[PDB]
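Each remark here refers to the structure printed beneath this line.
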Amino acid sequence: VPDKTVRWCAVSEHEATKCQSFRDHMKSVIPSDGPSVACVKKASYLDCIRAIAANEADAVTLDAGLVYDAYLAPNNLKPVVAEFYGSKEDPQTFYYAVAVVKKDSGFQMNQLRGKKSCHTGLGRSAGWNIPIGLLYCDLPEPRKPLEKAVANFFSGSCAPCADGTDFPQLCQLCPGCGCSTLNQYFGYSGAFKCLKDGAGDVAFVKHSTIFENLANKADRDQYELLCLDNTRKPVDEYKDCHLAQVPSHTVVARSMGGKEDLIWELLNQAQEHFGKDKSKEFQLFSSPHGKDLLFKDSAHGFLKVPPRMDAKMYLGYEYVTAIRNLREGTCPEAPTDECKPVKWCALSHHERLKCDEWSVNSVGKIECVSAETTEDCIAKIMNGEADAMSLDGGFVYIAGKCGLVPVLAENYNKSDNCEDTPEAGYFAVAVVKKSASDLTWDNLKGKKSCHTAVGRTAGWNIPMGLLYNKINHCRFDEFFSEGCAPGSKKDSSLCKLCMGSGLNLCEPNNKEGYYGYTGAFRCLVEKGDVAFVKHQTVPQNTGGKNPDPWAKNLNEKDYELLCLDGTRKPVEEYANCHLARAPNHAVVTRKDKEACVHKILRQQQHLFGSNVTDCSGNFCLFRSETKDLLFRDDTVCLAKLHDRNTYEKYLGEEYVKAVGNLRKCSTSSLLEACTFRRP
Ligand SMILES: *[C@@H]1O[C@H](CO)[C@@H](O)[C@H](O)[C@H]1NC(C)=O
Ligand SMILES: *[C@@H]1O[C@H](CO)[C@@H](O)[C@H](O)[C@H]1NC(C)=O
Ligand SMILES: [Fe+3]
Ligand SMILES: [Fe+3]
């Protein structure tokens, strides 16, 4: 009360040597109110994970594979610090796994069978665990032992660290399948030589491996990469043509106990002091007693892992999927029919219950799964637990930084050709009361505000984007006196006007009554000085059309819009008095389901779209009661997106800019973690 020493787990005799030498040296230049280091010794990395889980140790650095095993029940560890490997200014932490090949050898990923493979080694990420994991279900039966089936798949290979007596075929190119730099084709660089030399047809390596072996691009153009869509790309389009995105070397911590922040403090203070080129006393990435003790010797320092980043996310879908398949042999029995059912992500129980009903009517084509925030749902879509949800533009943006794709837009304009008509978008406006004559778009300092939610187009990204372009700081909660912006930090002023109780207060879901367009507006009625909503929200909640007590008798007449020019006009005059265009909300998913989601959803909306009336008794998809459940209440249909299937491409060039301009101000723990993976 308080303890500060980090109980670091060591493997070798040698590693335990440096661990205490590391402790001694920290004590020389770090004060007593800072972190120290203690050492625990166990027989292998396997024991260390067990150690940290049972709270008899705190941290250890691991390769991607062991990171997976560590996250598993009952270990439940999570990655907290990352080694990086480039310059301080463009630090490289992850590496993408790729399958390199000679230019114009006329085959794709789905034709690897019967070709000659070059690998880095067994247990290795890019050279084995990724390719074989992702090719697992095309391997011939029996797939036990894996090595045999792999041998039976390729027409000859080099598999390092494997066994040549049991399986000879893995060695035709490495006659002595040697787990050592002795054998010429070992590891990243050797595996590539294999391909370069002609031994093999495909080599499995990092994206950087080629660049480290061919400095000149005229040489690189003689190679290509195999993309997962059974197509080829040039070696410098790794980012859009890789297998999986491995992390290099990760310190992991207890998911509950920790000590997460401490671990960072120690390591950050370590790299400041004895890191790289730092001191000539102690060397954190070098040694006397053998190499890669505690950390890799090519490591240039550390970076903290954003707290939103659990292991599933860190390792990433394609990795996790890969390494899963290696252990649990689940493949379709025998073929996957055509389109299994879609997991829609309900936002807490209000949406769940609508979802659950939607499910019943769909005869097994739509399953429901809920999370309590949308970011949580987004992450669920990323990791496989979920498949699809519809999102405000500002959150499609985030989804898109997280590598998810817009599949179909919502459309709000009545038309005989609704499904095949891209709409320019809806209009973000700023609504106040006629009664409050005093207010103007300039005069807002020290007034009270109501937002749909943080990170949404009309409720945040647009209004605040502008505000930031004026005031020049992110502290919006000080420019306003107080407000309601569900998703704000519980003790900002922008949570003071929200209406939820007590944990639910300011929570960015329907349990909070000022959430969304209706909620933002209601906030304006009861508590605030200005709502930031879409252009239709007033009509939609006045003149009796919203029957709830608070809305029953409010009149359109009673409200006005603030225009940018400083003047103010009635609600219907939004075309002449809006803040910006807002990209229509849209549905998003991951690439491998874009197909089935587009198919199922048109199948689905023809049954339950705005065509249908007598919605009571029937199930009607796009009508909720004032709460935009699953979809906005005024959705007319879902529009196709031909070649407009990318968050940048979909949202357009204006919106992506404006949101980008706000990057500095972002508060979002998911955006941090996704752009950490990489922007
Ligand atoms: C709605 O449909 C009309 C019909 O021609 C079309 O011109 C327009 O793009 C759509 N949007 C608005 C705001 O009128
Ligand atoms: C409802 O409207 C759409 C619009 O053309 C139509 O395609 C669909 O078939 C209709 N509903 C049903 C249940 O078929
Ligand atoms: Fe590797
Ligand atoms: Fe919106």
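Labels for the structure tokens follow display order: chains A, B, ..., residues from 1 in each chain, ligands from 1.
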Inset, instruction - Would you list the residues that come within 10 Å of ligand 3? Count only C-alpha atoms and all ligand atoms and give the answer as a ChimeraX atom specification. - result: /A:63-65,94-97,120-121,123-129,187-188,205-206,246-249
List as a PDB file with N, CA, C and O atoms, in the first residue's frame the protein and nucleic acid residues near residue 443 of chain A, meaning an atom at most 12 Å away when only C-alpha atoms are counted, but skip any in the same chain fewer than 5 places from it.
```pdb
ATOM      1  N   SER A 437     -34.399  33.585 -27.636  1.00  0.00           N
ATOM      2  CA  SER A 437     -34.013  34.488 -28.727  1.00  0.00           C
ATOM      3  C   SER A 437     -32.515  34.819 -28.727  1.00  0.00           C
ATOM      4  O   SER A 437     -31.927  35.077 -29.776  1.00  0.00           O
ATOM      5  N   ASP A 438     -31.910  34.766 -27.544  1.00  0.00           N
ATOM      6  CA  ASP A 438     -30.542  35.232 -27.311  1.00  0.00           C
ATOM      7  C   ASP A 438     -29.447  34.461 -28.063  1.00  0.00           C
ATOM      8  O   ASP A 438     -28.388  35.010 -28.339  1.00  0.00           O
ATOM      9  N   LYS A 448     -25.548  25.329 -22.656  1.00  0.00           N
ATOM     10  CA  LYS A 448     -25.750  23.898 -22.346  1.00  0.00           C
ATOM     11  C   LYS A 448     -26.100  23.084 -23.593  1.00  0.00           C
ATOM     12  O   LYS A 448     -26.915  23.529 -24.385  1.00  0.00           O
ATOM     13  N   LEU A 467     -16.606  23.573 -34.179  1.00  0.00           N
ATOM     14  CA  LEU A 467     -16.217  24.274 -32.948  1.00  0.00           C
ATOM     15  C   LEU A 467     -14.705  24.264 -32.731  1.00  0.00           C
ATOM     16  O   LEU A 467     -14.119  25.299 -32.404  1.00  0.00           O
ATOM     17  N   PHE A 479     -15.961  24.651 -22.905  1.00  0.00           N
ATOM     18  CA  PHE A 479     -16.598  25.663 -23.758  1.00  0.00           C
ATOM     19  C   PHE A 479     -18.078  25.734 -23.462  1.00  0.00           C
ATOM     20  O   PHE A 479     -18.650  26.815 -23.347  1.00  0.00           O
ATOM     21  N   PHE A 480     -18.703  24.566 -23.387  1.00  0.00           N
ATOM     22  CA  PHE A 480     -20.049  24.471 -22.841  1.00  0.00           C
ATOM     23  C   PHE A 480     -19.961  24.510 -21.318  1.00  0.00           C
ATOM     24  O   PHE A 480     -18.924  24.186 -20.734  1.00  0.00           O
ATOM     25  N   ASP A 529     -29.750  23.975 -24.007  1.00  0.00           N
ATOM     26  CA  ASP A 529     -29.937  25.175 -24.837  1.00  0.00           C
ATOM     27  C   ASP A 529     -29.817  24.905 -26.336  1.00  0.00           C
ATOM     28  O   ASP A 529     -30.152  25.774 -27.145  1.00  0.00           O
ATOM     29  N   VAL A 530     -29.318  23.728 -26.707  1.00  0.00           N
ATOM     30  CA  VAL A 530     -29.200  23.367 -28.106  1.00  0.00           C
ATOM     31  C   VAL A 530     -29.000  21.875 -28.302  1.00  0.00           C
ATOM     32  O   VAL A 530     -28.148  21.263 -27.663  1.00  0.00           O
ATOM     33  N   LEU A 562     -30.033  27.013 -35.887  1.00  0.00           N
ATOM     34  CA  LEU A 562     -28.957  27.977 -35.988  1.00  0.00           C
ATOM     35  C   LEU A 562     -28.221  27.701 -37.293  1.00  0.00           C
ATOM     36  O   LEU A 562     -27.877  26.550 -37.577  1.00  0.00           O
ATOM     37  N   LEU A 564     -24.948  28.753 -40.002  1.00  0.00           N
ATOM     38  CA  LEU A 564     -23.543  29.126 -39.867  1.00  0.00           C
ATOM     39  C   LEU A 564     -23.347  30.636 -39.944  1.00  0.00           C
ATOM     40  O   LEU A 564     -22.515  31.196 -39.225  1.00  0.00           O
ATOM     41  N   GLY A 566     -24.869  32.874 -38.649  1.00  0.00           N
ATOM     42  CA  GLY A 566     -25.199  33.532 -37.383  1.00  0.00           C
ATOM     43  C   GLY A 566     -26.680  33.848 -37.225  1.00  0.00           C
ATOM     44  O   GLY A 566     -27.149  34.119 -36.114  1.00  0.00           O
ATOM     45  N   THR A 567     -27.421  33.820 -38.331  1.00  0.00           N
ATOM     46  CA  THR A 567     -28.871  34.009 -38.294  1.00  0.00           C
ATOM     47  C   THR A 567     -29.539  32.668 -37.982  1.00  0.00           C
ATOM     48  O   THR A 567     -28.857  31.647 -37.851  1.00  0.00           O
TER      49      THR A 567
END
```
Legend entry - Nearby residues (only C-alpha atoms) at most 12 Å from residue 560 of chain A, same-chain spacing under 2 positions excluded, as a ChimeraX atom specification: /A:429-437,439-440,524,529-531,535,538-539,555-558,562-563,567-574,577-578
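Using only C-alpha atoms, the nearest neighbour of residue 381 of chain A within the list A:473, A:217, A:590, A:273 is A:590.
For ligand 1, the neighbouring protein, DNA and RNA residues, which are those within 10 Å when only C-alpha atoms and all ligand atoms are counted, are residues 411, 412, 413, 414, 415, 416, 417, 418, 421, 422, 423, 424, 425, 426, 427 and 575 of chain A.
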Any chance you could export the current selection's N, CA and C atoms as a JSON list (two decimals), in the first residue's frame?
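Result went into part14.json, see below:
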```json
[["chain", "number", "residue", "atom", "x", "y", "z"],
["A", 411, "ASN", "N", -31.33, 4.36, -46.68],
["A", 411, "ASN", "CA", -31.85, 5.48, -47.49],
["A", 411, "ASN", "C", -33.13, 6.08, -46.89],
["A", 412, "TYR", "N", -33.21, 7.41, -46.90],
["A", 412, "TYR", "CA", -34.29, 8.14, -46.22],
["A", 412, "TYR", "C", -35.22, 8.92, -47.15],
["A", 413, "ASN", "N", -34.97, 8.82, -48.46],
["A", 413, "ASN", "CA", -35.71, 9.55, -49.48],
["A", 413, "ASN", "C", -36.67, 8.60, -50.20],
["A", 414, "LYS", "N", -37.97, 8.88, -50.13],
["A", 414, "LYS", "CA", -38.98, 8.05, -50.80],
["A", 414, "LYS", "C", -38.74, 8.05, -52.31],
["A", 415, "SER", "N", -38.72, 6.86, -52.91],
["A", 415, "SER", "CA", -38.51, 6.74, -54.35],
["A", 415, "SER", "C", -38.84, 5.35, -54.90],
["A", 416, "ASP", "N", -39.42, 5.34, -56.10],
["A", 416, "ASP", "CA", -39.72, 4.10, -56.81],
["A", 416, "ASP", "C", -38.48, 3.27, -57.16],
["A", 417, "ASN", "N", -37.29, 3.84, -56.96],
["A", 417, "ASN", "CA", -36.04, 3.15, -57.21],
["A", 417, "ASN", "C", -35.09, 3.34, -56.03],
["A", 418, "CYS", "N", -35.57, 3.01, -54.83],
["A", 418, "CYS", "CA", -34.84, 3.30, -53.59],
["A", 418, "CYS", "C", -33.56, 2.48, -53.42],
["A", 421, "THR", "N", -30.28, 3.64, -55.70],
["A", 421, "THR", "CA", -30.13, 5.09, -55.79],
["A", 421, "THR", "C", -29.28, 5.62, -54.64],
["A", 422, "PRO", "N", -28.01, 5.95, -54.90],
["A", 422, "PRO", "CA", -27.19, 6.54, -53.83],
["A", 422, "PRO", "C", -27.68, 7.94, -53.44],
["A", 423, "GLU", "N", -27.86, 8.18, -52.14],
["A", 423, "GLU", "CA", -28.33, 9.47, -51.64],
["A", 423, "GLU", "C", -27.15, 10.31, -51.21],
["A", 424, "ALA", "N", -27.23, 11.61, -51.44],
["A", 424, "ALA", "CA", -26.14, 12.53, -51.12],
["A", 424, "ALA", "C", -25.89, 12.55, -49.62],
["A", 425, "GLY", "N", -26.94, 12.34, -48.85],
["A", 425, "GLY", "CA", -26.82, 12.20, -47.40],
["A", 425, "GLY", "C", -27.78, 13.09, -46.67],
["A", 426, "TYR", "N", -27.87, 12.90, -45.36],
["A", 426, "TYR", "CA", -28.78, 13.67, -44.53],
["A", 426, "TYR", "C", -28.09, 14.92, -44.01],
["A", 427, "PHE", "N", -28.85, 15.78, -43.34],
["A", 427, "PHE", "CA", -28.38, 17.10, -42.92],
["A", 427, "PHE", "C", -28.31, 17.26, -41.40],
["A", 575, "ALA", "N", -32.31, 23.21, -45.55],
["A", 575, "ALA", "CA", -31.48, 23.26, -46.75],
["A", 575, "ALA", "C", -30.66, 24.55, -46.78]]
```
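Where the distance criterion is 6 Å and the atoms used are only C-alpha atoms and all ligand atoms, the residues close to ligand 2 are residues 606, 607 and 611 of chain A.
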Kindly assemble as a Markdown table a list of the chain A residues that lie within 7 Å of ligand 4, each paired with its nearest atom pair and their distance in Å to one decimal, using only C-alpha atoms and all ligand atoms, sorted first by chain and then by ascending residue number.
```
| residue | atom | partner | partner_atom_place_in_ligand_line | distance |
| --- | --- | --- | --- | --- |
| A:392 | CA | ligand 4 | 1 (Fe) | 4.5 |
| A:393 | CA | ligand 4 | 1 (Fe) | 6.3 |
| A:456 | CA | ligand 4 | 1 (Fe) | 5.9 |
| A:457 | CA | ligand 4 | 1 (Fe) | 5.2 |
| A:458 | CA | ligand 4 | 1 (Fe) | 5.7 |
| A:534 | CA | ligand 4 | 1 (Fe) | 6.8 |
| A:585 | CA | ligand 4 | 1 (Fe) | 6.1 |
```
Once DSSP has gone over the backbone, tell me which residues of segment 569-657 of chain A are in helix (DSSP H, G or I), as a PDB file with N, CA, C and O atoms, in the first residue's frame.
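Wrote states_8.pdb, looks like this:
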```
ATOM      1  N   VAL A 571     -37.574  25.165 -38.824  1.00  0.00           N
ATOM      2  CA  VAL A 571     -37.079  23.801 -38.998  1.00  0.00           C
ATOM      3  C   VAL A 571     -37.094  23.335 -40.454  1.00  0.00           C
ATOM      4  O   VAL A 571     -36.118  22.765 -40.928  1.00  0.00           O
ATOM      5  N   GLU A 572     -38.184  23.590 -41.165  1.00  0.00           N
ATOM      6  CA  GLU A 572     -38.277  23.199 -42.574  1.00  0.00           C
ATOM      7  C   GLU A 572     -37.221  23.860 -43.474  1.00  0.00           C
ATOM      8  O   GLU A 572     -36.945  23.357 -44.568  1.00  0.00           O
ATOM      9  N   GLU A 573     -36.622  24.957 -43.011  1.00  0.00           N
ATOM     10  CA  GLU A 573     -35.604  25.680 -43.786  1.00  0.00           C
ATOM     11  C   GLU A 573     -34.181  25.110 -43.634  1.00  0.00           C
ATOM     12  O   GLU A 573     -33.201  25.845 -43.757  1.00  0.00           O
ATOM     13  N   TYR A 574     -34.059  23.808 -43.394  1.00  0.00           N
ATOM     14  CA  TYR A 574     -32.741  23.192 -43.138  1.00  0.00           C
ATOM     15  C   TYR A 574     -31.775  23.253 -44.335  1.00  0.00           C
ATOM     16  O   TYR A 574     -30.558  23.338 -44.157  1.00  0.00           O
ATOM     17  N   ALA A 575     -32.312  23.207 -45.549  1.00  0.00           N
ATOM     18  CA  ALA A 575     -31.479  23.260 -46.755  1.00  0.00           C
ATOM     19  C   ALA A 575     -30.656  24.548 -46.782  1.00  0.00           C
ATOM     20  O   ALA A 575     -29.520  24.553 -47.269  1.00  0.00           O
ATOM     21  N   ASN A 576     -31.245  25.618 -46.240  1.00  0.00           N
ATOM     22  CA  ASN A 576     -30.610  26.926 -46.129  1.00  0.00           C
ATOM     23  C   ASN A 576     -29.979  27.155 -44.756  1.00  0.00           C
ATOM     24  O   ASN A 576     -29.456  28.231 -44.485  1.00  0.00           O
ATOM     25  N   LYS A 591     -14.871  -8.500 -44.513  1.00  0.00           N
ATOM     26  CA  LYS A 591     -14.828  -8.870 -45.931  1.00  0.00           C
ATOM     27  C   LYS A 591     -15.418 -10.243 -46.236  1.00  0.00           C
ATOM     28  O   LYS A 591     -16.190 -10.380 -47.182  1.00  0.00           O
ATOM     29  N   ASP A 592     -15.079 -11.243 -45.422  1.00  0.00           N
ATOM     30  CA  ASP A 592     -15.509 -12.626 -45.675  1.00  0.00           C
ATOM     31  C   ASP A 592     -17.023 -12.863 -45.557  1.00  0.00           C
ATOM     32  O   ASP A 592     -17.492 -13.970 -45.842  1.00  0.00           O
ATOM     33  N   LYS A 593     -17.786 -11.849 -45.148  1.00  0.00           N
ATOM     34  CA  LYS A 593     -19.248 -11.982 -45.084  1.00  0.00           C
ATOM     35  C   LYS A 593     -20.042 -10.970 -45.914  1.00  0.00           C
ATOM     36  O   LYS A 593     -21.245 -11.147 -46.094  1.00  0.00           O
ATOM     37  N   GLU A 594     -19.380  -9.935 -46.434  1.00  0.00           N
ATOM     38  CA  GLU A 594     -20.006  -8.974 -47.364  1.00  0.00           C
ATOM     39  C   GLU A 594     -20.948  -9.661 -48.356  1.00  0.00           C
ATOM     40  O   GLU A 594     -22.055  -9.182 -48.610  1.00  0.00           O
ATOM     41  N   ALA A 595     -20.498 -10.783 -48.911  1.00  0.00           N
ATOM     42  CA  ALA A 595     -21.327 -11.590 -49.797  1.00  0.00           C
ATOM     43  C   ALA A 595     -22.659 -11.940 -49.131  1.00  0.00           C
ATOM     44  O   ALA A 595     -23.707 -11.433 -49.525  1.00  0.00           O
ATOM     45  N   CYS A 596     -22.609 -12.787 -48.110  1.00  0.00           N
ATOM     46  CA  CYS A 596     -23.826 -13.316 -47.492  1.00  0.00           C
ATOM     47  C   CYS A 596     -24.710 -12.237 -46.863  1.00  0.00           C
ATOM     48  O   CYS A 596     -25.937 -12.376 -46.837  1.00  0.00           O
ATOM     49  N   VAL A 597     -24.098 -11.171 -46.349  1.00  0.00           N
ATOM     50  CA  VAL A 597     -24.863 -10.133 -45.671  1.00  0.00           C
ATOM     51  C   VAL A 597     -25.702  -9.364 -46.683  1.00  0.00           C
ATOM     52  O   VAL A 597     -26.896  -9.141 -46.462  1.00  0.00           O
ATOM     53  N   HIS A 598     -25.082  -8.967 -47.790  1.00  0.00           N
ATOM     54  CA  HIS A 598     -25.811  -8.306 -48.874  1.00  0.00           C
ATOM     55  C   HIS A 598     -26.991  -9.178 -49.350  1.00  0.00           C
ATOM     56  O   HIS A 598     -28.106  -8.693 -49.518  1.00  0.00           O
ATOM     57  N   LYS A 599     -26.738 -10.470 -49.531  1.00  0.00           N
ATOM     58  CA  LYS A 599     -27.753 -11.400 -50.019  1.00  0.00           C
ATOM     59  C   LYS A 599     -28.915 -11.533 -49.038  1.00  0.00           C
ATOM     60  O   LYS A 599     -30.072 -11.319 -49.401  1.00  0.00           O
ATOM     61  N   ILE A 600     -28.593 -11.883 -47.797  1.00  0.00           N
ATOM     62  CA  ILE A 600     -29.603 -12.121 -46.773  1.00  0.00           C
ATOM     63  C   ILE A 600     -30.454 -10.875 -46.547  1.00  0.00           C
ATOM     64  O   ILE A 600     -31.671 -10.976 -46.448  1.00  0.00           O
ATOM     65  N   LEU A 601     -29.814  -9.709 -46.490  1.00  0.00           N
ATOM     66  CA  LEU A 601     -30.506  -8.460 -46.141  1.00  0.00           C
ATOM     67  C   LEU A 601     -31.497  -7.979 -47.191  1.00  0.00           C
ATOM     68  O   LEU A 601     -32.485  -7.344 -46.843  1.00  0.00           O
ATOM     69  N   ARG A 602     -31.238  -8.244 -48.469  1.00  0.00           N
ATOM     70  CA  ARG A 602     -32.227  -7.911 -49.488  1.00  0.00           C
ATOM     71  C   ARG A 602     -33.349  -8.941 -49.458  1.00  0.00           C
ATOM     72  O   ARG A 602     -34.528  -8.574 -49.470  1.00  0.00           O
ATOM     73  N   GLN A 603     -32.986 -10.222 -49.387  1.00  0.00           N
ATOM     74  CA  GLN A 603     -33.958 -11.284 -49.083  1.00  0.00           C
ATOM     75  C   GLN A 603     -34.854 -10.849 -47.922  1.00  0.00           C
ATOM     76  O   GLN A 603     -36.070 -11.039 -47.952  1.00  0.00           O
ATOM     77  N   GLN A 604     -34.238 -10.231 -46.922  1.00  0.00           N
ATOM     78  CA  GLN A 604     -34.896  -9.918 -45.671  1.00  0.00           C
ATOM     79  C   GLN A 604     -35.779  -8.664 -45.720  1.00  0.00           C
ATOM     80  O   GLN A 604     -36.890  -8.676 -45.191  1.00  0.00           O
ATOM     81  N   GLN A 605     -35.298  -7.589 -46.346  1.00  0.00           N
ATOM     82  CA  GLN A 605     -36.052  -6.319 -46.393  1.00  0.00           C
ATOM     83  C   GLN A 605     -37.246  -6.361 -47.352  1.00  0.00           C
ATOM     84  O   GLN A 605     -38.202  -5.605 -47.190  1.00  0.00           O
ATOM     85  N   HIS A 606     -37.183  -7.224 -48.360  1.00  0.00           N
ATOM     86  CA  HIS A 606     -38.334  -7.421 -49.223  1.00  0.00           C
ATOM     87  C   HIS A 606     -39.498  -7.955 -48.391  1.00  0.00           C
ATOM     88  O   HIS A 606     -40.655  -7.612 -48.647  1.00  0.00           O
ATOM     89  N   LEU A 607     -39.189  -8.769 -47.382  1.00  0.00           N
ATOM     90  CA  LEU A 607     -40.223  -9.308 -46.496  1.00  0.00           C
ATOM     91  C   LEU A 607     -40.739  -8.286 -45.472  1.00  0.00           C
ATOM     92  O   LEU A 607     -41.940  -8.241 -45.200  1.00  0.00           O
ATOM     93  N   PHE A 608     -39.847  -7.468 -44.917  1.00  0.00           N
ATOM     94  CA  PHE A 608     -40.197  -6.632 -43.764  1.00  0.00           C
ATOM     95  C   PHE A 608     -39.777  -5.154 -43.870  1.00  0.00           C
ATOM     96  O   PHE A 608     -39.629  -4.474 -42.845  1.00  0.00           O
ATOM     97  N   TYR A 647     -14.894   2.481 -46.299  1.00  0.00           N
ATOM     98  CA  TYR A 647     -15.330   3.599 -45.462  1.00  0.00           C
ATOM     99  C   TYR A 647     -14.976   4.968 -46.059  1.00  0.00           C
ATOM    100  O   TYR A 647     -15.799   5.886 -46.020  1.00  0.00           O
ATOM    101  N   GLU A 648     -13.770   5.090 -46.620  1.00  0.00           N
ATOM    102  CA  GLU A 648     -13.330   6.326 -47.287  1.00  0.00           C
ATOM    103  C   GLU A 648     -14.187   6.558 -48.521  1.00  0.00           C
ATOM    104  O   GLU A 648     -14.765   7.633 -48.721  1.00  0.00           O
ATOM    105  N   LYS A 649     -14.253   5.513 -49.338  1.00  0.00           N
ATOM    106  CA  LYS A 649     -14.983   5.526 -50.590  1.00  0.00           C
ATOM    107  C   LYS A 649     -16.470   5.784 -50.343  1.00  0.00           C
ATOM    108  O   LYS A 649     -17.109   6.499 -51.106  1.00  0.00           O
ATOM    109  N   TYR A 650     -17.017   5.216 -49.266  1.00  0.00           N
ATOM    110  CA  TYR A 650     -18.453   5.344 -48.988  1.00  0.00           C
ATOM    111  C   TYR A 650     -18.818   6.677 -48.373  1.00  0.00           C
ATOM    112  O   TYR A 650     -19.736   7.347 -48.832  1.00  0.00           O
ATOM    113  N   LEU A 651     -18.119   7.025 -47.297  1.00  0.00           N
ATOM    114  CA  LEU A 651     -18.397   8.254 -46.567  1.00  0.00           C
ATOM    115  C   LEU A 651     -18.121   9.479 -47.415  1.00  0.00           C
ATOM    116  O   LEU A 651     -18.659  10.552 -47.146  1.00  0.00           O
ATOM    117  N   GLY A 652     -17.284   9.316 -48.435  1.00  0.00           N
ATOM    118  CA  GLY A 652     -16.895  10.421 -49.289  1.00  0.00           C
ATOM    119  C   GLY A 652     -15.665  11.100 -48.732  1.00  0.00           C
ATOM    120  O   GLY A 652     -15.142  10.715 -47.685  1.00  0.00           O
ATOM    121  N   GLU A 653     -15.231  12.143 -49.424  1.00  0.00           N
ATOM    122  CA  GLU A 653     -13.935  12.753 -49.182  1.00  0.00           C
ATOM    123  C   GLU A 653     -14.043  13.922 -48.193  1.00  0.00           C
ATOM    124  O   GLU A 653     -13.115  14.167 -47.419  1.00  0.00           O
ATOM    125  N   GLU A 654     -15.180  14.622 -48.205  1.00  0.00           N
ATOM    126  CA  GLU A 654     -15.479  15.651 -47.201  1.00  0.00           C
ATOM    127  C   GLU A 654     -15.464  15.073 -45.790  1.00  0.00           C
ATOM    128  O   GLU A 654     -14.697  15.510 -44.933  1.00  0.00           O
ATOM    129  N   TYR A 655     -16.316  14.082 -45.553  1.00  0.00           N
ATOM    130  CA  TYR A 655     -16.541  13.597 -44.201  1.00  0.00           C
ATOM    131  C   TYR A 655     -15.280  13.002 -43.597  1.00  0.00           C
ATOM    132  O   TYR A 655     -14.939  13.289 -42.447  1.00  0.00           O
ATOM    133  N   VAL A 656     -14.586  12.178 -44.377  1.00  0.00           N
ATOM    134  CA  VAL A 656     -13.330  11.556 -43.937  1.00  0.00           C
ATOM    135  C   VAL A 656     -12.327  12.629 -43.509  1.00  0.00           C
ATOM    136  O   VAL A 656     -11.600  12.450 -42.533  1.00  0.00           O
ATOM    137  N   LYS A 657     -12.308  13.743 -44.241  1.00  0.00           N
ATOM    138  CA  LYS A 657     -11.487  14.893 -43.878  1.00  0.00           C
ATOM    139  C   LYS A 657     -11.909  15.430 -42.502  1.00  0.00           C
ATOM    140  O   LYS A 657     -11.126  15.382 -41.542  1.00  0.00           O
TER     141      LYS A 657
END
```
Inset, instruction - Pick out the residues sitting within 10 Å of segment 70-79 of chain A, and hand them over as number ranges by chain; count only C-alpha atoms, and ignore anything fewer than 2 positions along from it in its own chain. - result: A: 45-46, 48-54, 59-62, 64-68, 81-82, 249-258, 260, 304-307, 309-312, 314-315
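If you measure from each of A:453, A:495, A:636, A:353 to residue 373 of chain A using only C-alpha atoms, the closest one turns out to be A:453.
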Legend entry - Gap from atom CA of residue 460 of chain A to atom CA of residue 389 of chain A - Å, one decimal: 20.3 Å
Inset, instruction - Based on DSSP run over this structure's backbone, return all residues of segment 382-608 of chain A in strand (DSSP E), as a PyMOL selection string. - result: chain A and resi 389-391+405-411+426-433+448-451+482-484+530-534+559-562+568-570+580-582+586-589
Inset, instruction - For segment 499-504 of chain A, list every protein, DNA or RNA residue within 10 Å, evaluated using only C-alpha atoms, and leave out those in the same chain fewer than 6 positions away; present the list as a PyMOL selection string. - result: chain A and resi 484+486+490+510-515+519+523+527
Restricting it to C-alpha atoms, dump the selection as a PDB file, in the first residue's frame.
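Printed below is out-v2.pdb as written:
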```
ATOM      1  CA  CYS A 484     -25.442  15.552 -22.316  1.00  0.00           C
ATOM      2  CA  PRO A 486     -23.661   9.974 -24.041  1.00  0.00           C
ATOM      3  CA  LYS A 490     -18.598   9.960 -16.469  1.00  0.00           C
ATOM      4  CA  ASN A 510     -31.017   3.395 -24.716  1.00  0.00           C
ATOM      5  CA  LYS A 511     -30.883   2.781 -20.960  1.00  0.00           C
ATOM      6  CA  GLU A 512     -29.840   6.439 -21.134  1.00  0.00           C
ATOM      7  CA  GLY A 513     -32.906   8.459 -22.162  1.00  0.00           C
ATOM      8  CA  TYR A 514     -31.046  11.303 -23.917  1.00  0.00           C
ATOM      9  CA  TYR A 515     -29.306   8.916 -26.336  1.00  0.00           C
ATOM     10  CA  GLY A 519     -32.973  11.794 -26.770  1.00  0.00           C
ATOM     11  CA  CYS A 523     -32.642  16.895 -23.670  1.00  0.00           C
ATOM     12  CA  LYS A 527     -32.607  20.709 -19.822  1.00  0.00           C
TER      13      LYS A 527
END
```
Legend entry - Who sits within 8 Å of segment 228-237 of chain A, only C-alpha atoms, same chain under 5 positions skipped, as a PyMOL selection string: chain A and resi 100+108-110+207+210+220-221+223+242-243
Inset, instruction - Quick one: everything within 9 Å of segment 274-277 of chain A, counting only C-alpha atoms, minus sequence neighbours fewer than 4 positions away in the same chain. Send it as a list in words. - result: residues 25, 26, 269, 270, 281, 282, 283, 284, 285, 299, 300 and 301 of chain A
Inset, instruction - Using atom CA of residue 170 of chain A and atom CA of residue 69 of chain A as the two end points, give the distance in Å to one decimal. - result: 26.2 Å
